[PDB]
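Inspection log for the structure reproduced underneath, given as structure tokens.
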Amino acid sequence: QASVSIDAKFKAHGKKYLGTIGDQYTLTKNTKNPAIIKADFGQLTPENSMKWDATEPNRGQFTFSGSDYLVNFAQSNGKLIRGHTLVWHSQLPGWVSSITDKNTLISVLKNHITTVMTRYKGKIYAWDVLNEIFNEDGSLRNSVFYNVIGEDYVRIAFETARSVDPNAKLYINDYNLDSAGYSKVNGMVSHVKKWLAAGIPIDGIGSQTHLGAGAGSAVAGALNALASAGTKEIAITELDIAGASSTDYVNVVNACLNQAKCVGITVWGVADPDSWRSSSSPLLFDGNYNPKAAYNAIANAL
Ligand SMILES: O[C@@H]1[C@@H](O)[C@H](O[C@@H]2CO[C@@H](O[C@@H]3CO[C@@H](O)[C@H](O)[C@H]3O)[C@H](O)[C@H]2O)OC[C@H]1O
Ligand SMILES: O[C@@H]1[C@@H](O)[C@@H](O)OC[C@H]1O
């Protein structure tokens, strides 16, 4: 744990949280990881326990041991929770992707959203209702949901989520929304404008922000462009930067800090060894679970 909590410092500026991710293994692999999370971050996103493959491995049969643990840990430690993720084409059981009947798929989709959301009803700050539904060019990704149900799945997902748990912020999450002008950013903005105008309950847009070195500076304008979609809020949801330079990190923190709609930042991991992009040492704590320069830089920028 670092003495100065960047979550405390971020919140000091009116932001909701500066969090990270977790699950059983990392929360218990050593003493430092859970200690870091408790002392320096104020929110948690399950790294894998709430995905479709881990919650409903078989049709109508749910497995919540993993998710229960992550939720219980966060609730027990005053950490906000972002559920992740209800509808995605990746980490999706073959039983789902094989459905060819529209109504059957809609029934399955609704039951999955309803069961998963109902279980943690009132404990989730935000839910990534839909994840990565766009092609890089801004067009809708032809996933089973899109192919079988069509664009109406977007409405179905959000409306269902909205009624099941009216207390959670409903988000659409995606990566590569890292620079204003980018095709995917334009596709996200235009589609959401249309969906909001249609009455689809989309409270926020989540920008993953999985960056390469030097891409930090463009994030500010990206956030500015996303803000034009007209959602209640937006957030940096899965932050990591190859090289983990202080400049890149401070640029990203400032990008959110200086944008009114950005409610928070979630770094995709605590320490490098546990990073899904570990070879690039993209996180704020090193292999010894000690703060890196970027962590301190961030604290000093706030
Ligand atoms: O079951 C195993 C998985 O748990 C593990 O891979 C995870 C894949 O997702 C990673 O998180 C995603 C990062 O990419 C973004 O596009 C998504 O929004 C995130 O959900 C997570 O970090 C990995 O651990 O290994 C593969 C399976 O065997
Ligand atoms: O933002 C991540 C990035 O690495 C993308 O290219 O591949 C998976 C994403 O989640």
Side-chain angles (χ1 to χ4, degrees), residues 19-29 33 37 43-58 63-67 69-70 81-94 96-97 112 116 124 126-138 141 143 145 157 171-179 182-185 187-188 204-216 218-219 222-223 226 234-244 248 252 255 265-285:
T20 196
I21 72 183
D23 258 332
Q24 189 114 36
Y25 178 56
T26 65
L27 291 167
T28 58
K29 68 172 299 180
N33 201 71
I37 287 171
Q43 171 272 328
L44 281 168
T45 293
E47 186 164 17
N48 286 291
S49 64
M50 293 191 181
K51 297 168 184 183
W52 209 308
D53 63 339
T55 46
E56 194 185 8
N58 302 295
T63 49
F64 293 117
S65 179
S67 45
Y69 189 90
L70 181 280
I81 308 162
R82 290 191 81 266
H84 169 93
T85 178
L86 298 169
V87 186
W88 191 21
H89 67 286
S90 192
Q91 283 177 261
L92 180 69
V96 184
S97 45
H112 182 72
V116 179
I124 311 296
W127 270 108
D128 280 320
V129 176
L130 296 180
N131 194 41
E132 309 178 353
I133 75 162
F134 288 108
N135 287 322
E136 296 312 297
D137 69 351
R141 185 192 286 281
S143 58
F145 302 105
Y171 273 65
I172 181 177
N173 187 60
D174 217 326
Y175 60 99
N176 281 347
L177 306 177
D178 310 313
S179 82
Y182 189 57
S183 42
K184 204 173 194 180
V185 184
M188 175 60 87
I205 289 182
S207 186
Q208 294 176 5
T209 318
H210 285 291
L211 307 171
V219 177
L223 292 192
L226 297 179
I234 65 170
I236 287 181
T237 53
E238 310 177 10
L239 181 65
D240 55 30
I241 316 173
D248 274 313
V252 176
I265 290 175
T266 301
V267 185
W268 207 247
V270 173
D272 290 339
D274 300 312
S275 165
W276 76 308
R277 281 176 52 194
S278 55
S279 61
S280 43
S281 307
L283 303 176
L284 294 178
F285 288 74

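We use all heavy atoms of the structure for the numbers below, so side chains are in, but hydrogens, waters and symmetry mates are not. Counting convention: from 1, in listed order, for ligands and their atoms alike. Residue numbers run from 1 in the order of the sequence given.
Protein heavy atoms are found less than 4.0 angstrom from atom 9 (O) of ligand 1. Note that atom 2 (C) of ligand 1 has no protein non-hydrogen atoms nearby, at separations under 4.0 angstrom. At least one protein heavy atom sits closer than 4.0 Å to atom 12 (C) of ligand 1. In this structure, atom 26 (C) of ligand 1 has no protein heavy-atom contact shorter than 4.0 Å.
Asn173 and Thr237 share a side-chain donor-acceptor pair at under 3.5 Å.
With values rounded to the nearest 0.5 angstrom, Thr209 atom OG1 is found 7.5 Å from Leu177 atom CG. To the nearest 0.5 Å, atom NZ of residue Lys184 and atom CG of residue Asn135 are 8.0 Å apart. Going from atom CG of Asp174 over to atom CD1 of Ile205 covers 10.0 Å, rounded to the nearest 0.5 Å. Rounded to the nearest 0.5 Å, atoms OG (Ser183) and CG (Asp137) are 6.5 Å apart. Atom CD of residue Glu47 and atom CD1 of residue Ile21 lie 3.0 Å apart, to the nearest 0.5 angstrom.
Neither the backbone nor the side chain of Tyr175 has a heavy atom within less than 4.0 Å of ligand 1.
The backbone N or O of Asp128 lies less than 3.5 Å from a partner atom in the side chain of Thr85, making a donor-acceptor pair. Under the 3.5 Å distance criterion, the side-chain polar atoms of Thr266 are left unmatched by any main-chain donor or acceptor of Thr20. A donor-acceptor pair under 3.5 Å links the side-chain atoms of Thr63 to the main chain of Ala54, judged by distance alone. The backbone N or O of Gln24 lies less than 3.5 Å from a partner atom in the side chain of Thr28, making a donor-acceptor pair.
The nearest protein atom to atom 1 (O) of ligand 2, hydrogens excluded, is given as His210 CD2, 2.7 Å; this is a heavy-atom distance. In terms of protein heavy atoms, atom 18 (O) of ligand 1 is closest to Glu238 OE2, 2.9 Å.
Proximity to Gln91 (heavy-atom distance under 4.0 Å) selects the following atoms of ligand 1: 3 (C), 4 (O), 7 (C), 8 (C), 9 (O). Of all atoms in ligand 1, listed by their number and element, those nearer than 4.0 Å to a heavy atom of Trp88 are 16 (O), 17 (C), 20 (O). Annotation for ligand 2: atoms under 4.0 Å from non-hydrogen atoms of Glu132 are 10 (O). Within the listing of ligand 1, atoms 18 (O), 19 (C), 20 (O) sit less than 4.0 angstrom from a heavy atom of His84. Set against the non-hydrogen atoms of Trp276, the atoms of ligand 2 under 4.0 Å away are 2 (C), 4 (O), 8 (C), 9 (C), 10 (O). Set against the non-hydrogen atoms of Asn131, the atoms of ligand 1 under 4.0 Å away are 18 (O).
Here the shortest heavy-atom distance to atom 7 (C) of ligand 1, taken over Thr26, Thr237, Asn48, belongs to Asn48. Compare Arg277, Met50, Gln208, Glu47 by their heavy atoms: the one nearest to atom 22 (O) of ligand 1 is in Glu47.
Contact between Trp268 and ligand 2 is absent, with no heavy atom of the residue lying under 4.0 Å from the ligand.
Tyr175 has its ring centre no less than 6.0 Å from the ring centre of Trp268.
Taking only nitrogen or oxygen atoms, main chain and side chain alike, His210 does not reach within less than 3.5 Å of ligand 1. Where the criterion is an N or O separation shorter than 3.5 Å, residue side chain and backbone included, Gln208 meets it with respect to ligand 2. Geometrically, ligand 1 and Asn173 share no nitrogen or oxygen pair separated by less than 3.5 Å. Considering backbone and side-chain N/O atoms, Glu132 comes within less than 3.5 Å of an N/O atom of ligand 1.
When each of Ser280, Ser278, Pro282 is checked for a side-chain contact (heavy atoms from CB on, under 4.5 Å) with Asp240, only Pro282 meets the rule.
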